[PDB]
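A.B. asks: The following block contains the structure, expressed as structure tokens.
Backbone-built Cβ (ideal geometry, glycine too); neighbour counts: all protein chains shown. None of the figures in this text is laboratory data; all of them are computed from the coordinates on show.
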Amino acid sequence: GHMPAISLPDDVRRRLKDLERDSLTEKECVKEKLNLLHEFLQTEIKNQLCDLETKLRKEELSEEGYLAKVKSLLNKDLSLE
């Protein structure tokens, strides 16, 4: 990025703050975070996630593996800017 200037909308961000009060959860965070970020993340991102689901279905990946792997990817995508 020569000069990036894209970041989550202020209206969206406010919703997360309200959610924080309602007390989210690890599993709940991924479901909400995925759909929200998706609105700004291309489907090619969801595609990467789809392959992981296959591992969950073949019992090759740990439950916490997907939960912990998913988080990092979300942050990595935003770090690109």
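A.B. asks: Taking 7 Å along the Cα-to-C-beta vector as the label spot, tell me the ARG15-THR54 distance in nanometres, rounded to one decimal.
C.D. replies: Result for the modelled spin labels: 3.1 nm.
A.B. asks: Give me log10 I(q)/I(0) at q = 0.14, 0.26 Å⁻¹ for the chain, Debye formula, one equal scatterer per alpha-carbon, no solvent.
C.D. replies: Taken in order of the listed q values, log10 I(q)/I(0) reads -0.55, -1.37.
A.B. asks: Which helices count as membrane-span-like in the chain under these terms: full DSSP H, at least 24 Å along the axis by C-alpha, Kyte-Doolittle mean of -1.0 or more?
C.D. replies: Details: long enough: 63-80 (27 Å, -0.22).
Length and hydropathy pass: 63-80.
A.B. asks: Still on this structure, please answer the following. Fewest Cβ neighbours within 10 Å first, please rank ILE45, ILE6 accordingly. Let's see the in-between values first.
C.D. replies: On the way: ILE45 16, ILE6 8.
If I rank by nearby Cβ atoms, fewest first, I get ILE6, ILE45.
A.B. asks: Keeping to pairs on different chains or 8 or more places apart, tell me how many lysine pairs in the chain have Cα atoms under 15 Å apart.
C.D. replies: Pairs that pass both the separation and distance tests number 15.
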